[PDB]
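J.: Order-wise, the sequence lines are chains E, A and C.
For the first sequence, position 116 (counting from the first letter as 1) is numbered 129 according to the authors' numbering, and the numbering increases by one without interruption.
For the second sequence, position 18 (counting from the first letter as 1) is numbered 787 according to the authors' numbering, and the numbering increases by one without interruption.
For the third sequence, position 38 (counting from the first letter as 1) is numbered 279 according to the authors' numbering, and the numbering increases by one without interruption.
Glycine residues also receive a C-beta, built at the ideal position from the N, C-alpha and C atoms.
Can you read through this structure? Questions will come right after.
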Amino acid sequence: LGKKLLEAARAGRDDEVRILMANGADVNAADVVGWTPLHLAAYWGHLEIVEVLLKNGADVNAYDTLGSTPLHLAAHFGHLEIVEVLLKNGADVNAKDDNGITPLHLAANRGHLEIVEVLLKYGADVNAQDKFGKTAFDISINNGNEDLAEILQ
Amino acid sequence: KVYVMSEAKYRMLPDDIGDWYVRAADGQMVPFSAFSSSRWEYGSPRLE
Amino acid sequence: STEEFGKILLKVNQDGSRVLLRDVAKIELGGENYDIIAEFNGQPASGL
Numbered sequence: 014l015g016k017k018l019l020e021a022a023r024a025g026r027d028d029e030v031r032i033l034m035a036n037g038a039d040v041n042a043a044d045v046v047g048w049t050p051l052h053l054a055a056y057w058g059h060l061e062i063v064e065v066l067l068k069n070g071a072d073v074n075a076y077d078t079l080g081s082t083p084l085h086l087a088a089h090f091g092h093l094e095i096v097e098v099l100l101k102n103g104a105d106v107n108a109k110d111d112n113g114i115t116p117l118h119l120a121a122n123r124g125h126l127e128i129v130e131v132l133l134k135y136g137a138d139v140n141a142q143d144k145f146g147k148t149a150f151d152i153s154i155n156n157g158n159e160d161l162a163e164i165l166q
Numbered sequence: 770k771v772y773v774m775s776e777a778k779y780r781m782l783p784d785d786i787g788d789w790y791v792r793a794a795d796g797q798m799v800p801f802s803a804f805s806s807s808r809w810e811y812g813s814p815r816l817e
Numbered sequence: 242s243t244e245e246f247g248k249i250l251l252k253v254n255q256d257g258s259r260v261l262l263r264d265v266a267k268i269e270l271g272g273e274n275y276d277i278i279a280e281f282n283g284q285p286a287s288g289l
């Protein structure tokens, strides 16, 4: 039953996600790798389902077997609307995976300038380091994205 | 043929990556965890 | 992309400063050869 929700949240079947959670299917149902419906919704870029899942009380700081949150995925894959909705629903902006990588690190690395500003707005630690001691600035300088490096001083 | 490969039990879990050590020039053994980061993503198992 | 080739790390200096490929080279998309150039009525062109 919770399996159907994982598959439906991934597929973007907005209609089926509501029908399944009307039968009280586990909204924090994890797959083999530890991905919730909110992970699959954040990754594949389903805004309507992300909201519907969070309004039905989905763990916003749910983490996979490597410590990646839906915010990690949303930020990394240039999903501006989903990042905002997640952060509005109290998603740890300074969340770290098993590598020490943050939603800012990922957004910064792919050069999603709009998302970086939204993350900083909610108090994203700019000096936050990964396991290799790299900031979002270190990334921008190495990438040579001077537009992004300006925002992080 | 002669095939070298990990015994099944040492290549089943993502956490087994860190159990694998490589020898540096200075002679010290370095775990994969020291110089590598990992994350889950989606890709095709059959590209047409 | 040229962006990814540019940030290839050649070496790190003793003072911890990085030497990237873009610090010793220009990185652009360009012909395998610049040997064959065609014009159609004096206008820049390719063909088969």
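#1: Quick test of your reading: E:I128 and E:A137, contact by CB under 8 Å. State the CB separation rounded to the nearest angstrom.
#2: Going along chain E in order, which residues have a C-beta closer than 8 Å to the C-beta of A:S807?
#3: Going by other Cβ atoms of all chains shown within 10 Å of its Cβ, with 16 needed for buried, is E:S81 buried or exposed?
#4: Whose Cβ in chain E lies nearer than 8 Å to the Cβ of C:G257?
#5: Where does C:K248 sit, in a helix, a strand or coil, going by DSSP?
#6: Does the Cβ-Cβ distance between E:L67 and E:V46 come in under 8 Å?
#7: Name the chain E residues whose beta carbon is nearer than 8 Å to that of C:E244?
#8: Let me make sure I understand the geometry here. Which of E:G37, E:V96, E:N155 and E:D44 has the alpha-carbon closest to that of E:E61?
#9: Out of E:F145, E:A104 and E:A71, which one is the CA nearest neighbour of E:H85?
#10: Spell out the partners DSSP gives C:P285 in its beta bridges.
#11: Could one say the Cβ of E:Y56 lies closer than 8 Å to chain A's Cβ atoms, at least one of them?
T.: The structure says:
#1: Not a contact, Cβ separation roughly 10 Å.
#2: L79, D111 and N112
#3: buried
#4: Result: empty, since nearest Cβ-Cβ is about 11 Å, beyond 8 Å.
#5: coil
#6: no
#7: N156 and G157
#8: E:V96
#9: E:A104
#10: C:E280
#11: yes
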